[PDB]
Amino acid sequence: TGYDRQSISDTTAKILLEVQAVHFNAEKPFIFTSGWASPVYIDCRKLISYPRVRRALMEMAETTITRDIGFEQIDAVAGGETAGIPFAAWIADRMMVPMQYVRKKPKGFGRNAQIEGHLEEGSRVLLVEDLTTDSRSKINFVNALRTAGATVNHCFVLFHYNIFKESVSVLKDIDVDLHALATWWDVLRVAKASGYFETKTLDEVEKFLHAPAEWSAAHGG
Amino acid sequence: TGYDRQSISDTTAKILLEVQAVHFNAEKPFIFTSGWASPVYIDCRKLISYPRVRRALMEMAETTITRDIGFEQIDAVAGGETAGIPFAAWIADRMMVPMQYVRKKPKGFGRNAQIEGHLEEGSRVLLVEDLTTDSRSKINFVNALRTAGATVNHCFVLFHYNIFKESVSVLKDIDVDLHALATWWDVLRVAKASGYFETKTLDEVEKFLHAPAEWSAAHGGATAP
Ligand code: NA
């Protein structure tokens, strides 16, 4: 699958396109429950349904983690509910460490109402999610972990939008480093080189990537 | 971890006690938001946090599935959101098949509204959950899968209470067979044999397993979970 960051980015973008976890539509943009308009759409949940694909992604996740964080810095892996859970389960297995998962909302009240699994005080926990857009929803999960006694300095996702400043800075501002396999820039570059898409389509995707909030406003949102 | 149903039931029960996924308390029972009162409590979600335990559980799950269902009867494994998901992820991996998961509630429209992942029309799907009490919440998940075009004839859980009279038939009535590693009866058997518990505690657990609603009503609770 590749050891270096660049081959992992490439292979991951190719996979996202190969099984159409990524879709483009310049003519009829994707409209989101939040009222965002976009010519791009990704569903990383799709990836769980392809045995060879998910294996490769999990192999590359473990490589990314051990390369950029280390081999013995993580005592447990916690998945964000829901879409982070399958990936957390596989990464936890590969890393031979305890798994937890973190509920979006507490069940009851207490320093532990969002944590499922056993979490030892002092454990260094890696937060795993499928993707990040602007990382705002990660603050909840990081907080639940820290309140429950965990040390959290890293978050891993498969896919990092990398089009909003916030995706890195919201995490850095609460002392968490972001790690990922690929971004929209990797998808765009592979898509271009492939020859499979119309220039009109990729032109629009690129426009969105450079200024997505403005692009949304000019096409709907 | 063993190949026959008896040794898998004993090993699973021992695991549940070893990491205290199971707890007993007869004098100060567990009181649920329904007001149900029980001297027993189980949290299967704790099992995901023990690397050797979860490996044994998943090996035993794969054995149970291939022994009692077959080797080529399943095209995909779908976990019930949320506690089913980790176990479905590991079982899908072991079986070398696509995974999906099933939402409690549909999101948006279309045949696949209640499914996440990719589900090929015609796929024979195994529903996976951590546990079942009376199996009533399972009907939703089987429906969701059938609506999306799956064939579903089997549901697998780690733990089947086996104290409420419909927990098998409510599924059999909709042409689904329940498969499980262990029950409360297995937990009681191993707990008694271990010598680790007070006699009074196990006597009360036993009374509860035999007549749960009655026990609940006599010890502070309501008549239904
Ligand atoms: Na869906």
Side-chain angles (χ1 to χ4, degrees), chain A residues 1 3 5 8 12 44 47-48 54-104 112 114-119 122-133 135-162 167-183, chain B residues 45-51 54-55 82 85-86 89-90 93:
Chain A
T1 52
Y3 161 68
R5 177 182 178 122
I8 286 171
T12 300
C44 295
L47 300 166
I48 77 189
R54 77 196 175 206
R55 177 167 68 188
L57 298 166
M58 296 303 89
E59 283 169 349
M60 298 186 290
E62 174 189 344
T63 296
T64 304
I65 288 155
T66 59
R67 184 194 66 225
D68 292 353
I69 294 173
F71 289 88
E72 306 295 341
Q73 304 298 308
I74 292 165
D75 303 309
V77 174
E81 189 189 34
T82 307
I85 297 173
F87 305 111
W90 296 319
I91 293 165
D93 187 38
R94 294 181 71 85
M95 301 274 294
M96 310 176 285
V97 292
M99 187 188 170
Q100 297 96 21
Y101 67 86
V102 189
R103 289 169 179 259
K104 295 175 180 166
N112 283 246
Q114 296 173 253
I115 306 303
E116 295 296 345
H118 179 253
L119 176 57
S123 296
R124 294 166 296 175
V125 178
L126 173 70
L127 178 64
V128 169
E129 286 244 272
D130 58 332
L131 70 67
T132 193
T133 54
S135 298
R136 297 197 184 271
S137 69
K138 304 286 179 277
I139 302 158
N140 175 28
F141 296 135
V142 171
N143 178 78
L145 290 165
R146 288 177 168 163
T147 292
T151 295
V152 180
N153 294 117
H154 303 283
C155 171
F156 170 84
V157 299
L158 298 175
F159 193 77
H160 168 210
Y161 259 45
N162 197 31
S167 55
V168 181
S169 77
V170 158
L171 292 168
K172 195 70 178 183
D173 286 358
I174 59 163
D175 306 308
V176 175
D177 279 328
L178 177 67
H179 308 271
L181 301 183
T183 72
Chain B
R45 300 156 334 252
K46 295 299 184 180
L47 302 165
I48 75 188
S49 300
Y50 291 102
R54 74 198 178 202
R55 174 170 67 184
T82 304
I85 293 177
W90 294 320
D93 185 42

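All heavy atoms count here, side chains included; hydrogens, waters and symmetry mates do not. Naming: A, B, ... by sequence-line order, numbering from 1 per chain.
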Colleague: Starting at CZ of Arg54(A), measure out to CG of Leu158(A) and round the result to the nearest 0.5 Å.
Modeller: 13.5 Å
Colleague: Distance from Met58(A) atom CE to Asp93(B) atom CG, nearest 0.5 Å?
Modeller: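 With rounding to 0.5 Å, CE (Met58(A)) is 11.0 Å from CG (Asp93(B)).
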Colleague: As an exercise, state the distance from CG of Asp68(A) to OG1 of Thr63(A), rounded to the nearest 0.5 Å.
Modeller: 10.0 Å
Colleague: Can you name the nearest heavy-atom pair linking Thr1(A) to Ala56(A), along with the distance?
Modeller: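 That closest heavy-atom pairing would be CG2-CB, 3.7 Å.
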Colleague: Could you walk me through whether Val176(A) and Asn153(A) pass the side-chain contact (heavy atoms from CB on, under 4.5 Å) test, one step at a time?
Modeller: CA-CA 4 Å; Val176(A) 175; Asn153(A) 294 117; 5.9 Å; no
Colleague: Decide if atom CZ of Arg55(A) counts as having more than 12 heavy atoms of other residues, nucleotides or ligands within a radius under 6.0 Å.
Modeller: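 Result for CZ/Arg55(A): open.
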Colleague: Which heavy atom of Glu81(A) sits nearest to which heavy atom of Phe141(A), and what is that distance?
Modeller: O-CZ, 3.7 Å
Colleague: Given side chains that start at C-beta, do those of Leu126(A) and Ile69(A) come closer than 4.5 Å, heavy atoms only?
Modeller: yes
Colleague: Can a donor-acceptor pair be found, under 3.5 Å and without considering hydrogens, that links the side chain of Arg124(A) to the backbone of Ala150(A)?
Modeller: no
Colleague: Given side-chain contact (heavy atoms from CB on, under 4.5 Å), test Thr64(A) with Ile8(A) step by step and report yes or no.
Modeller: CA-CA 8 Å; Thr64(A) 304; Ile8(A) 286 171; 4.0 Å; yes
Colleague: Taking C-beta and beyond as the side chain, do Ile48(B) and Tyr101(A) meet within less than 4.5 Å on heavy atoms?
Modeller: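 When only atoms from C-beta onward are counted, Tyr101(A) and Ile48(B) do touch, with a gap below 4.5 Å.
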Colleague: What heavy-atom pair brings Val128(A) and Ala88(A) nearest, and what distance separates the two atoms?
Modeller: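 Between these two residues, the closest heavy atoms are CG1-N, 3.9 Å.
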Colleague: Apply side-chain contact (heavy atoms from CB on, under 4.5 Å) to the pair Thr66(A) and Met95(A), showing each step before the final yes or no.
Modeller: CA-CA 9 Å; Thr66(A) 59; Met95(A) 301 274 294; 4.2 Å; yes
Colleague: Go through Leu47(B) and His118(A) one step at a time and tell me if the side-chain contact (heavy atoms from CB on, under 4.5 Å) criterion holds.
Modeller: CA-CA 8 Å; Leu47(B) 302 165; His118(A) 179 253; over 6 Å; no
Colleague: Name the orientation class of the two ring planes belonging to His179(A) and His154(A) (parallel below 30°, tilted from 30 to 60°, perpendicular beyond 60°).
Modeller: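 Tilted.
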Colleague: Which heavy atom of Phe87(A) sits nearest a heavy atom of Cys44(A), and at what distance?
Modeller: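 Distance-wise, the nearest heavy atoms are CZ-O, 3.5 Å.
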Colleague: Kindly indicate whether the side chain of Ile74(A), heavy atoms from C-beta on, has any atom under 4.5 Å from the side chain of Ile65(A).
Modeller: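 A side-chain contact under 4.5 Å exists here.
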Colleague: Can you tell me how far the CG atom of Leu145(A) sits from the CD atom of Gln114(A), to the nearest 0.5 Å?
Modeller: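 One finds 9.0 Å between CG of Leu145(A) and CD of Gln114(A).
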Colleague: Of all the heavy-atom pairs spanning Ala61(A) and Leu181(A), show the shortest one and how long it is.
Modeller: N-CD2, 3.8 Å
Colleague: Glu129(A) pairs by side-chain contact (heavy atoms from CB on, under 4.5 Å) with which of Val102(A), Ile85(A), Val157(A)?
Modeller: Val157(A)
Colleague: Taking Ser135(A) for the side chain and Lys138(A) for the main chain, is one N or O donor matched with an acceptor at less than 3.5 Å?
Modeller: no
Colleague: Could you check whether any side-chain heavy atom of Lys104(A) comes within less than 4.5 Å of a side-chain heavy atom of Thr82(B), counting everything from C-beta outward?
Modeller: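 Not touching, per the 4.5 Å side-chain cut-off.
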Colleague: Of all heavy-atom pairs between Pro98(A) and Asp75(A), which one has the smallest distance, and what is that distance?
Modeller: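 Nearest heavy atoms, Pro98(A) then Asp75(A): CD-O, 3.3 Å.
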Colleague: Do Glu116(A) and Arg103(A) come close enough that some side-chain heavy atom pair is under 4.5 Å?
Modeller: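 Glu116(A) vs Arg103(A): side chains touch.
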Colleague: Looking at CE of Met99(A) and CH2 of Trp90(B), how far apart are the two atoms once the value is rounded to the nearest 0.5 Å?
Modeller: 5.5 Å
Colleague: Taking atom NE2 of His160(A) and atom OG1 of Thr183(A), what is their separation to the nearest 0.5 Å?
Modeller: 7.5 Å
Colleague: Sequence neighbours left out, what pairs pass salt bridge (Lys or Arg N to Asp or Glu O under 4.0 Å) with at least one residue falling in residues 168-183 of chain A?
Modeller: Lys172(A)-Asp177(A)
Colleague: Salt bridge check: are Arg94(A) and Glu62(A) linked by an N-O gap of less than 4.0 Å?
Modeller: yes
